[PDB]
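*Asks:* My questions all concern the structure below.
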Amino acid sequence: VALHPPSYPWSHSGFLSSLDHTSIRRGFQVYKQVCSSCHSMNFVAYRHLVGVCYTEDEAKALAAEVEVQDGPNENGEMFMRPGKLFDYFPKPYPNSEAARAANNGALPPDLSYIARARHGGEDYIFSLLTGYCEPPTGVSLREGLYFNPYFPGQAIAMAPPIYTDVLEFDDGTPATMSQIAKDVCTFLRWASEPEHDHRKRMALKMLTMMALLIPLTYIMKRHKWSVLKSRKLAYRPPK
Amino acid sequence: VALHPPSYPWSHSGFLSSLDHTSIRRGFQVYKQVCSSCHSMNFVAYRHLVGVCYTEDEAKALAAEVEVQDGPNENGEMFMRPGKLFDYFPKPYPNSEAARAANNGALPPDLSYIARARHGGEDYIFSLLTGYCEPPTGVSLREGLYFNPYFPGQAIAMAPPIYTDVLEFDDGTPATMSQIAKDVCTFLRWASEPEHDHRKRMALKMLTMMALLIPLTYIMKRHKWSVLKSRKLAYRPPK
Amino acid sequence: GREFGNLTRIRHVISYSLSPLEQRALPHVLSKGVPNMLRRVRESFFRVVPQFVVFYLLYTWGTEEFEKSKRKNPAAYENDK
Amino acid sequence: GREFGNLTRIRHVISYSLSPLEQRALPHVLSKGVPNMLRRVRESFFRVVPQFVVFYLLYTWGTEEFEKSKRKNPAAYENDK
Amino acid sequence: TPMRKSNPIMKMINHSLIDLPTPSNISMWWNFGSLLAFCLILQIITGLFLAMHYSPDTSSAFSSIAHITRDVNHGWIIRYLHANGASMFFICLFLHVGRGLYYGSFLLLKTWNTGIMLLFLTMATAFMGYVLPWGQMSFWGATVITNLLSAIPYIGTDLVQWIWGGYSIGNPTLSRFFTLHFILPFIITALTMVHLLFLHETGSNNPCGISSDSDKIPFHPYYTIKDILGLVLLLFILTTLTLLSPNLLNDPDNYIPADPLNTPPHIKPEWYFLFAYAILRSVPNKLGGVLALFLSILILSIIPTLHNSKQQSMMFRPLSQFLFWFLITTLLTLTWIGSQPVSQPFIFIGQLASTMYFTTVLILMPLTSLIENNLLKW
Amino acid sequence: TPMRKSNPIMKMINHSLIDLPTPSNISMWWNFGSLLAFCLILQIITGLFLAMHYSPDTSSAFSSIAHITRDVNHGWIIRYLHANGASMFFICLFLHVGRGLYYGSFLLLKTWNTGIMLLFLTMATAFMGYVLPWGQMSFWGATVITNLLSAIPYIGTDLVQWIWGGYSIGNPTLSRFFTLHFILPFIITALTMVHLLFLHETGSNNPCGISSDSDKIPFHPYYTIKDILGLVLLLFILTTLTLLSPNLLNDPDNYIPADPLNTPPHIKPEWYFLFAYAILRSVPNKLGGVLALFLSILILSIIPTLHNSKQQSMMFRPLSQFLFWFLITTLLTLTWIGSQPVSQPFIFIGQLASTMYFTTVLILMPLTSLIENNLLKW
Ligand SMILES: CCCCCCCCCCCCCCCCCC(=O)OC[C@H](COP(=O)([O-])OCC(O)COP(=O)([O-])OC[C@@H](COC(=O)CCCCCCCCCCCCCCCCC)OC(=O)CCCCCCCCCCCCCCCCC)OC(=O)CCCCCCCCCCCCCCCCC
Ligand SMILES: CCCCCCCC/C=C/CCCCCCCC(=O)OC[C@H](COP(=O)(O)OCCN)OC(=O)CCCCCCC/C=C/CCCCCCCC
Ligand SMILES: CCCCCCCC/C=C/CCCCCCCC(=O)OC[C@H](COP(=O)(O)OCCN)OC(=O)CCCCCCC/C=C/CCCCCCCC
Ligand SMILES: CCCCCCCC/C=C/CCCCCCCC(=O)OC[C@H](COP(=O)(O)OCCN)OC(=O)CCCCCCC/C=C/CCCCCCCC
Ligand SMILES: CCCCCCCC/C=C/CCCCCCCC(=O)OC[C@H](COP(=O)(O)OCCN)OC(=O)CCCCCCC/C=C/CCCCCCCC
Ligand code: HEC
Ligand code: HEC
Ligand code: HEM
Ligand code: HEM
Ligand code: HEM
Ligand code: HEM
Ligand SMILES: O=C1C(=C2CCC(c3ccc(Cl)cc3)CC2)C(O)=C(O)c2ccccc21
Ligand SMILES: O=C1C(O)=C([C@H]2CC[C@H](c3ccc(Cl)cc3)CC2)C(=O)c2ccccc21
Ligand SMILES: O=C1C(O)=C([C@H]2CC[C@H](c3ccc(Cl)cc3)CC2)C(=O)c2ccccc21
């Protein structure tokens, strides 16, 4: 059975710790230049990047880079136009049969909730991305599979997707495989759960309040029940 | 305002009269050869003709005459195949913009409930089909309109669709314009309300029953109330 | 609360009844019921009917007037040219 | 039905009470309440706890056994060739 | 004791409809409450079935009903029954109200007020069901009824946009209509139970308007069989409407799907609403129009307050009766005007009918009651 | 009189929760009914809101929930609250049952039977909500639960196909799940009212098992503030579960949409069901398995019949107490076994746990009660 991922010290794992938005910005470049060849992200749109790592104008600029189908026009025909904020990240394949045809029968999953749809979360993915190696003695792989101990079965269709200097970050960070993996993983965390930071923000407040209300109402209860708690009885028959 | 259609004596208008299925069979040929060039019938499929005027085998035969898009195939591509019982009558245009482009801006409506969606029902349609004529003095028509007194406005985009010998019926009936109109109208009646015959069938039964139950329960009521209806009072004070 | 034991206080009233199986359910229709219905119609006729007659006159008038209003007036073209 | 006027019949019982505003809400915690809780734990310990201890032993045993069952047996390859 | 009286649930049933003391002399006009309950039950059942095939989405609503009426086994008759049952429901409702106006049963204040609440709830429900098919009439009905709150001076437009869930009528509004139409009938049921609870504390009024405690009979067997007879009659009428003449009340313009860019030239709501529509059409001012629309129904709440007569019922009060039937004809007139184009004869007639409706309820009846009192010398 | 007692509605409220006589000495174990009611109310509210954005269609259900959690303002927390409230609901339910088993309150027969009905209804409801997201676990849960009726020997397969509405699980089944999940909670509400009606005819049992009519106190103010305290505590726990650790009880396999061609290797229902699952897994025969599954809950109905003790409560009965806690551990064991693969150690352990559950309820407790009686010399 599959190998259990170890726990990495992620800076957002504290009870009130927020995500590192720099790592999100770099992870998103990783997902543009590499991982959006095979994979779809059907539930994210450019308008979602605004106020997270981009202004509205710059997100429009990202959008503009992509052609999108639209129509019908006044003649009843379809056409192509540049993108807008309200368009969803584009799909790599038109249908899953075409996706299988382009990957030797295997279907790459959608990464919009991959971090919440796998045991271990971002610990697993990192483990999977860094974890390829040569197989043991006695093991063999059929046509077009790789070996990876952190996959269930240890045979996986996906070739090692990243290596050192497979891209360059615009902030000058050195692009070693490990750095790339950590950053794309942070970005998938954000893609799976946007409410993260605001949720922790809101916890502080309303937990303080609900904690405060316990002793107060307990005092009120004790006040009303003191009458019975100190009551004294006696029995006085005429005998 | 529009001209009020007169009432024609249609053989199905009696309380327990059924539709004439011969006229349905001919009307359906009219709708194939003529009226399915412009118009859609999105809510009827070949399986619906079975047991009305066709066997299952012959309805399959009708189906087989038409090409239909299907897929994706194992490669991820679409293809064309012959039709089946469970396919819907084919559309003439891909979208309403294309329909307008092919009819000088006007949009032909769907005839699946045309008989229930117009004042006068099949009296109107017949009136409209037979009713074209030359305009009065002082009247003029803009580019591409005809005159027809039974249309609201009296200007209509649709040119006179039928004339004598615009088709030939397979049962040898002489195809005069009037005959064609009456038959297509019967067919539209059937297309708008398939439950017709069975509904009247079922009325006879359950109306007989509900009519029978009235006097019986009235008798039971009278039986229980006779005690009070014949009661006699008296007042006898000691005085 | 309200119960058949203590609704009101009554004295010196006598009642008589037959059983349903001793008597007829529709004893006298055409000799008693029909004239009774006739008087029952008589006693209410003039309190109900004339209002509806007035409604009918108003309805027909208003229909006629509306339908006249839609016909072309010859003086609209004949008068000045 | 059940109402504070006629629940039961009692004779010769006397009661005494203070008002809440005359007395304290948490009068004696560490000198009376704590020992009371301690005896209250003592009186029930051996009626509840050992069953759960047995559950814990069973759980750990079954886990260990299942995990042993997944490891390869050397005699399955060494014995005959 | 008999088991009939051994137990709270059973004893409540017994006090409700076995040993309840009812007047001996009440007439057919008292059958319409039980028919109302029957209609509510019919509607809930047929609705739960329809629900399992309908689609609360603007891109498939219409076609889901097409699917119901063409492919589901006997789905057409279930549709027919639902639609005709609503009509019967309102027929009974109107007759039920009118009885109480004639025979003075509004002096049972709690029952009367809970009745007014029920009227309002039923109307809301009926309207929110009428927009679900998403035909051409449904769409514009929705539009008007949701723009009504724009008349509130300070907060209205924001209320409209908060009910729409967007810049305009659209997909988010249809699911709201459907959730509300699902939940309301059950609130109606609960309030009906409260209504009857209030009634059974006093008992039924009767045609003569004098106390009937000297001649009470039990509810069973007399009124049990009487109401069963009434139900048989209602079912005969409903079946004939469903099978022999289903298209009598039907509207063709709702067999054309919705088009947000075109309102049809001739507009007409469902029949049980026409009269309000006429009233709404009669005031040349927005706010005043809406105010009149709502007051037309809310005015029932002050009828108990304007009562001057020594006697309760109109049975012995002829001038009163004459006015009553004149009021009913005013309402017929409003119904007729609602059907007609907004053109000059009908405009003027509608304005007169409206002024006479309020006039009659608020002024003429009180004064005739005083005259009557003086003629009997008290 | 005070207005408190002037009027039927008010006087029923007063007899319910103002002047009701309650035992002075009942403990925290009696707070869980009010928390159950609170939970029902919370569920209905959050459900009515969710309803207005969800899509009962197999081609958009999943994505409608995605829409709710990503685009609707604070929709994520409404989702979180609904899902965690169900869990709290069952926690309270289990504790509520256990109290009554320990303290002998099953001798209130009507209340106990209506409780069993409510348990069944709540379980149905919870399960029919669990399949609405149309994830990978939801689909196969649906499949199994609807194949259960195939075990009926003469008519079963036809029942399965009549519930499906077709040859297989599909679009026509999801709308049925959604209609039923919509309507059941309100039936639960009505039956809860009947439940309490039955309770208030006798009043509450207490820890000592002896009659408390010498020391009754009024419900207000004592138990009003006590239950308010309980509610505050429940809200603290619920908030911490919703905001600080939302993924504690969550299942990853339901974040993969449904695939009719593949069942995942490791299957696990929602936690409050595991134990039944284990029981169902323990019988090597189909019909016998289903029979055991249903008897596991239906067996509560004969506990009143097997009662031999002279005393009502276990407070003074130590051997009894020992057996009670052993039973609770058997149920924990079934819960643990439900989580594990169907492999040999767990197979054998589950079979023992099941036999011991029924054994204990049906045999050991009656006999220990007789021994106890003999030790006290009666
Ligand atoms: C990041 C997340 C953060 C989460 C933070 C959460 C914070 C929670 C704060 C909660 C504060 C509550 C305050 C309530 C005040 C109410 C006052 C009142 O009136 O109370 C009456 C009520 C009792 O009512 P009663 O009228 O007496 O009736 C009860 C019985 O009938 C009486 O019968 P009896 O008298 O016979 O019984 C006597 C005895 C009976 O004793 C026994 O039966 C014996 C017990 C022996 C135990 C021995 C030790 C353990 C076993 C060891 C055995 C040996 C092992 C050997 C192994 C060998 C292996 C080889 O029982 C007791 O005395 C029990 C007292 C203690 C109750 C503890 C309650 C725990 C609540 C936990 C909540 C968890 C959820 C939180 C939310 C989490 C969200 C993620 O309670 C009390 O009197 C105690 C009040 C104080 C309770 C404090 C609880 C604090 C809990 C903190 C938890 C933090 C960790 C959370 C972890 C979460 C993991 C997911
Ligand atoms: C196997 C195929 C199906 C077979 C079906 C067989 C049953 C057919 C229908 C029978 C209907 C019932 C008729 C007999 C009812 C007798 C009721 C009775 O004895 O109780 C009356 C008495 C009246 O109360 P008091 O007024 O206090 O009396 C005092 C008198 N001085 O008691 C009551 O209060 C009523 C009690 C009602 C009990 C009803 C029991 C019903 C049993 C139905 C069983 C159906 C089984 C179906 C099996 C289907 C296949 C698995
Ligand atoms: C599908 C389209 C539906 C259209 C709308 C349908 C509903 C409206 C129907 C209107 C016509 C109703 C006619 C009813 C029959 C009238 C018979 C009649 O005049 O009989 C008078 C006869 C006289 O008897 P008494 O005075 O008691 O004394 C006799 C004993 N010695 O009976 C009566 O007067 C009883 C009157 C009872 C009330 C009748 C109410 C009828 C109209 C009610 C609905 C009107 C609309 C709503 C009104 C209230 C609005 C706030
Ligand atoms: C314009 C901005 C908003 C302004 C809001 C102003 C109101 C603020 C809130 C006020 C709350 C009410 C406080 C006073 C309540 C008085 C109740 C009273 O007098 O009745 C007590 C007495 C008690 O009964 P018994 O026990 O029989 O008494 C016998 C004694 N030996 O009567 C009762 O039974 C209770 C009657 C309750 C009446 C309550 C009336 C509430 C009125 C609310 C108006 C709100 C208006 C809001 C307007 C908003 C803008 C359009
Ligand atoms: C999210 C995951 C949720 C997992 C499931 C959660 C629910 C199950 C929780 C199981 C553990 C519950 C422990 C509760 C505390 C026990 C404390 C204890 O032993 O105290 C004993 C103390 C002794 O007091 P007395 O005998 O009254 O005398 C004292 C006065 N002189 O109190 C008691 O014995 C009271 C017992 C009341 C009932 C408790 C029931 C606990 C379990 C209930 C749920 C179990 C599952 C369902 C059972 C029924 C199935 C048909
Ligand atoms: C085409 C060369 C791909 C690129 C570029 C990336 N991935 Fe992919 N991935 C691909 C295939 C054909 C598969 C199927 C594997 C199988 O055995 O079926 C996958 C799968 C994944 C998974 C799933 C892991 C699991 O346990 O199911 C993940 C999490 C994944 N891929 C991630 C991922 C990332 C981060 C990439 C960019 C760095 C990436 N993939 C690129 C094909 C291709
Ligand atoms: C293309 C040459 C057409 C053929 C063949 C038929 N119809 Fe048609 N129709 C066409 C157009 C462009 C329009 C729009 C008219 C307009 O003014 O917008 C129509 C319209 C109709 C209608 C609608 C009548 C109404 O009052 O709205 C009907 C009922 C209709 N057409 C019927 C009909 C029938 C029976 C035909 C076969 C005999 C037929 N049409 C053919 C274009 C064309
Ligand atoms: C769903 C709607 C309603 C239902 C189900 C309903 C039901 C009933 C029933 C069953 C009765 C028993 C007596 C009878 O049938 O006459 C009744 C009586 C009564 N109803 Fe309602 N009703 C409804 C709406 C209304 C409305 C709209 C009003 C008034 C505007 C009203 C006012 C009354 C009154 C005053 C009585 C008692 C009058 C008398 O006994 O003389 N009800 N109702
Ligand atoms: C007082 C009770 C009710 C009234 C007055 C009422 C009224 C109506 C009306 C007038 C329509 C439109 C009819 C048409 O378009 O032809 C409708 C549609 C509908 N109603 Fe009801 N209804 C009631 C109860 C219910 C209930 C309890 C449900 C439960 C789900 C329900 C579900 C539906 C559905 C799904 C539709 C759309 C199907 C269709 O248009 O045929 N209804 N309702
Ligand atoms: C929605 C589900 C339920 C609700 C809302 C509910 C509600 C209540 C409430 C508010 C009480 C008041 C006393 C107390 O809180 O202890 C109560 C008592 C009671 N409940 Fe329920 N309950 C439910 C389910 C059940 C179940 C499943 C059972 C048994 C299997 C049950 C049996 C009882 C009994 C026997 C009592 C009275 C016992 C005593 O007073 O000693 N109830 N319930
Ligand atoms: C006892 C009351 C209720 C219980 C126990 C209950 C339970 C549940 C559960 C367990 C789920 C699935 C949670 C998940 O997938 O994460 C659910 C979903 C849902 N329920 Fe409730 N529910 C109740 C009341 C209601 C009511 C009254 C409605 C009214 C419409 C409702 C509407 C919904 C909807 C629309 C969903 C799907 C949305 C989603 O999965 O997040 N529920 N319910
Ligand atoms: O029809 C009723 C009536 C009631 C009979 C039972 C009905 C009913 C409706 C539905 C069900 Cl499932 C059961 C009973 C409701 C109306 C009731 O309470 C009265 O007080 C009354 C008084 C005079 C004339 C008729 C009546
Ligand atoms: O113009 C209208 C209109 O004015 C209403 C009106 C009718 C009266 C209604 C009404 C509102 C409140 C009450 Cl208490 C009673 C009726 C509100 C909608 C419609 O129902 C309608 C339907 C379809 C197309 C257009 C229209
Ligand atoms: O194999 C099962 C299975 O057996 C059940 C079972 C659990 C017990 C349920 C149950 C039925 C009736 C009662 Cl009274 C209680 C629980 C029925 C479904 C599931 O819930 C399940 C969910 C998802 C995938 C597979 C499965």
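Following the order of the structure tokens, first chain is A, next is B, and so on, with residues numbered from 1 inside each chain and ligands from 1 in the order they appear.
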Around ligand 11, which protein and nucleic acid residues have at least one atom no more than 6 Å from it, if we count only C-alpha atoms and all ligand atoms? List them as a VMD selection string.
*Replies:* chain F and resid 40 43 to 44 47 to 48 50 to 51 54 79 83 86 122 125 to 126 129 to 130 132 to 133 182 185
*Asks:* Write as JSON, numbers by chain the residues around ligand 13, taking 8 Å as the cut-off and counting only C-alpha atoms and all ligand atoms.
*Replies:* {"E": [120, 123, 124, 127, 137, 138, 139, 140, 141, 142, 143, 144, 145, 267, 268, 269, 270, 273, 274, 275, 276, 277, 280, 281, 293, 294, 297]}
*Asks:* Kindly provide, as a PyMOL selection string, all nucleotide and amino acid residues lying within 9 Å of ligand 12, counting only C-alpha atoms and all ligand atoms.
*Replies:* chain E and resi 16-17+20-23+26+30-38+41+193+196-197+199-200+203-205+219+223-224+226-227
*Asks:* In terms of the shortest atom-to-atom distance over only C-alpha atoms and all ligand atoms, which of C:39, C:9, C:24, C:2 is closest to ligand 3?
*Replies:*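 Of all the options, C:39 lies closest to ligand 3.
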*Asks:* Any residue with an atom at most 7 Å from ligand 4 counts, using only C-alpha atoms and all ligand atoms. Which are they? Put them as a list in words.
*Replies:* residues 2, 3 and 4 of chain F
*Asks:* Around ligand 5, out to 8 Å and counting only C-alpha atoms and all ligand atoms, which residues are there? I want them as a ChimeraX atom specification.
*Replies:* /D:40,44-45,47-49 /F:29,87,91-92,94-103,207-208,249,271-272,297,300,314-316,321,328,331-332
*Asks:* Please return, as a ChimeraX atom specification, all residues of chain C lying within 10 Å of chain E when only C-alpha atoms are considered.
*Replies:* /C:1-4,6-10,44,46-56,58-59,61-63,65-66,69
*Asks:* Include N, CA, C and O atoms and write out the residues we just selected as a short mmCIF file (atom, residue, chain, number, x, y, z; two decimals), in the first residue's frame.
*Replies:*
data_model
loop_
_atom_site.label_atom_id
_atom_site.label_comp_id
_atom_site.auth_asym_id
_atom_site.auth_seq_id
_atom_site.Cartn_x
_atom_site.Cartn_y
_atom_site.Cartn_z
N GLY C 1 -65.53 22.40 28.14
CA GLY C 1 -66.29 23.67 27.92
C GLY C 1 -67.70 23.42 27.43
O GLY C 1 -68.53 22.86 28.15
N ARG C 2 -67.98 23.84 26.20
CA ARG C 2 -69.29 23.64 25.61
C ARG C 2 -69.53 22.15 25.40
O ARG C 2 -68.78 21.48 24.69
N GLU C 3 -70.58 21.62 26.03
CA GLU C 3 -70.82 20.19 26.09
C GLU C 3 -72.31 19.96 26.27
O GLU C 3 -72.99 20.75 26.93
N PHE C 4 -72.82 18.86 25.70
CA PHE C 4 -74.26 18.62 25.74
C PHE C 4 -74.88 18.46 27.13
O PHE C 4 -76.08 18.19 27.23
N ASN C 6 -74.71 20.93 29.74
CA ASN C 6 -75.04 22.20 30.39
C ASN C 6 -75.03 23.38 29.42
O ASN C 6 -74.40 24.40 29.67
N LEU C 7 -75.73 23.26 28.29
CA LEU C 7 -75.73 24.38 27.34
C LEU C 7 -76.68 25.50 27.78
O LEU C 7 -76.29 26.67 27.77
N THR C 8 -77.91 25.17 28.16
CA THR C 8 -78.88 26.20 28.52
C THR C 8 -79.94 25.59 29.43
O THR C 8 -79.92 24.39 29.73
N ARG C 9 -80.87 26.43 29.88
CA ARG C 9 -81.92 26.05 30.82
C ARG C 9 -83.29 26.22 30.16
O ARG C 9 -83.66 27.34 29.77
N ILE C 10 -84.03 25.12 30.07
CA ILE C 10 -85.31 25.03 29.38
C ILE C 10 -86.30 24.27 30.26
O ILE C 10 -85.91 23.37 31.02
N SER C 44 -87.68 36.65 -2.66
CA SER C 44 -86.36 37.24 -2.81
C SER C 44 -86.11 37.85 -4.18
O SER C 44 -85.05 38.45 -4.39
N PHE C 46 -87.13 40.47 -6.08
CA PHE C 46 -86.87 41.89 -6.28
C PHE C 46 -85.77 42.44 -5.39
O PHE C 46 -85.43 43.63 -5.52
N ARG C 47 -85.20 41.64 -4.50
CA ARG C 47 -84.06 42.08 -3.71
C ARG C 47 -82.73 41.74 -4.37
O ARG C 47 -81.70 42.30 -3.97
N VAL C 48 -82.71 40.87 -5.39
CA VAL C 48 -81.48 40.39 -5.99
C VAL C 48 -81.37 40.74 -7.47
O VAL C 48 -80.31 41.17 -7.93
N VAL C 49 -82.45 40.55 -8.22
CA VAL C 49 -82.40 40.50 -9.69
C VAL C 49 -82.11 41.85 -10.34
O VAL C 49 -81.27 41.92 -11.26
N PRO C 50 -82.78 42.95 -9.95
CA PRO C 50 -82.60 44.20 -10.69
C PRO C 50 -81.16 44.70 -10.74
O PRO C 50 -80.75 45.29 -11.76
N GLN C 51 -80.38 44.50 -9.68
CA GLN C 51 -78.98 44.90 -9.72
C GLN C 51 -78.24 44.20 -10.86
O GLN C 51 -77.46 44.83 -11.60
N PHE C 52 -78.47 42.90 -11.02
CA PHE C 52 -77.81 42.16 -12.08
C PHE C 52 -78.31 42.60 -13.46
O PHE C 52 -77.53 42.65 -14.42
N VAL C 53 -79.60 42.93 -13.57
CA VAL C 53 -80.09 43.48 -14.84
C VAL C 53 -79.33 44.75 -15.19
O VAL C 53 -78.94 44.97 -16.35
N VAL C 54 -79.14 45.63 -14.21
CA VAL C 54 -78.40 46.87 -14.46
C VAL C 54 -76.97 46.56 -14.89
O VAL C 54 -76.42 47.21 -15.79
N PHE C 55 -76.34 45.58 -14.24
CA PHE C 55 -75.00 45.18 -14.67
C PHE C 55 -74.99 44.77 -16.13
O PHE C 55 -74.06 45.10 -16.88
N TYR C 56 -76.02 44.03 -16.55
CA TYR C 56 -76.07 43.53 -17.93
C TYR C 56 -76.19 44.69 -18.91
O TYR C 56 -75.50 44.72 -19.94
N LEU C 58 -75.16 47.79 -18.42
CA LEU C 58 -73.89 48.50 -18.44
C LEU C 58 -72.87 47.77 -19.31
O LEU C 58 -72.16 48.39 -20.12
N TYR C 59 -72.77 46.46 -19.13
CA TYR C 59 -71.82 45.66 -19.91
C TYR C 59 -72.06 45.82 -21.40
O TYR C 59 -71.13 46.12 -22.17
N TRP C 61 -73.72 48.13 -23.07
CA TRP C 61 -73.45 49.49 -23.52
C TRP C 61 -71.96 49.69 -23.74
O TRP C 61 -71.54 50.19 -24.80
N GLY C 62 -71.15 49.33 -22.74
CA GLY C 62 -69.73 49.62 -22.81
C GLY C 62 -69.03 48.90 -23.94
O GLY C 62 -68.18 49.46 -24.64
N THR C 63 -69.46 47.65 -24.19
CA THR C 63 -68.98 46.88 -25.33
C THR C 63 -69.30 47.59 -26.65
O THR C 63 -68.41 47.83 -27.48
N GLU C 65 -69.99 50.70 -27.22
CA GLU C 65 -69.28 51.97 -27.37
C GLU C 65 -67.83 51.74 -27.78
O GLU C 65 -67.31 52.41 -28.69
N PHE C 66 -67.17 50.79 -27.12
CA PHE C 66 -65.78 50.51 -27.44
C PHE C 66 -65.65 50.07 -28.89
O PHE C 66 -64.70 50.45 -29.58
N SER C 69 -65.87 52.92 -31.30
CA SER C 69 -64.71 53.80 -31.29
C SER C 69 -63.62 53.37 -32.26
O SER C 69 -62.71 54.17 -32.54
#
*Asks:* Find the residue from F:256, F:45, F:311, F:221 that sits nearest to ligand 6; use only C-alpha atoms and all ligand atoms when measuring.
*Replies:*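 Residue with the minimum atom-to-atom distance to ligand 6: F:256.
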*Asks:* When you look at residue F:161 with a cut-off of 10 Å (counting only C-alpha atoms), what residues show up, excluding the ones that are within fewer than 4 positions of it in the same chain? I need them as a PyMOL selection string.
*Replies:* chain F and resi 146-147+149-150+156-157+165-169
*Asks:* What are the closest atom pairs, with distances in Å to one decimal, for each residue of chain B lying within 12 Å of chain C, using only C-alpha atoms, rows by chain and rising residue number, as CSV?
*Replies:*
residue,atom,partner,partner_atom,distance
B:1,CA,C:70,CA,8.7
B:2,CA,C:70,CA,12.0
B:218,CA,C:25,CA,10.1
B:219,CA,C:25,CA,7.3
B:220,CA,C:25,CA,9.0
B:221,CA,C:25,CA,9.1
B:222,CA,C:25,CA,5.6
B:223,CA,C:25,CA,5.6
B:224,CA,C:20,CA,6.9
B:225,CA,C:20,CA,8.1
B:226,CA,C:20,CA,5.9
B:227,CA,C:20,CA,6.0
B:228,CA,C:17,CA,7.7
B:229,CA,C:17,CA,9.4
B:230,CA,C:17,CA,7.0
B:231,CA,C:17,CA,5.2
B:232,CA,C:16,CA,5.2
B:233,CA,C:15,CA,4.7
B:234,CA,C:14,CA,5.1
B:235,CA,C:13,CA,4.8
B:236,CA,C:12,CA,5.4
B:237,CA,C:12,CA,5.5
B:238,CA,C:12,CA,8.2
B:239,CA,C:12,CA,10.5
*Asks:* For the residues in the current selection, export C-alpha atoms as a short mmCIF file (atom, residue, chain, number, x, y, z; two decimals), in the first residue's frame.
*Replies:*
data_model
loop_
_atom_site.label_atom_id
_atom_site.label_comp_id
_atom_site.auth_asym_id
_atom_site.auth_seq_id
_atom_site.Cartn_x
_atom_site.Cartn_y
_atom_site.Cartn_z
CA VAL B 1 -57.33 44.94 -35.48
CA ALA B 2 -57.23 41.36 -36.72
CA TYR B 218 -78.33 12.14 -1.51
CA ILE B 219 -80.59 9.23 -0.51
CA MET B 220 -78.28 8.37 2.38
CA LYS B 221 -78.38 11.99 3.57
CA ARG B 222 -82.18 12.10 3.38
CA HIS B 223 -82.38 8.87 5.36
CA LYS B 224 -80.26 10.26 8.19
CA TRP B 225 -82.11 13.60 8.26
CA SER B 226 -85.70 12.32 8.21
CA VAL B 227 -85.59 12.16 12.03
CA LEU B 228 -85.37 15.95 12.25
CA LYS B 229 -87.43 16.70 9.14
CA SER B 230 -90.61 15.19 10.67
CA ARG B 231 -90.04 16.22 14.30
CA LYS B 232 -92.98 17.72 16.22
CA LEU B 233 -92.78 20.11 19.19
CA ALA B 234 -95.22 21.22 21.88
CA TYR B 235 -95.19 23.68 24.79
CA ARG B 236 -97.00 22.67 28.00
CA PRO B 237 -96.41 25.08 30.89
CA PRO B 238 -98.35 24.51 34.13
CA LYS B 239 -99.93 27.91 33.43
#
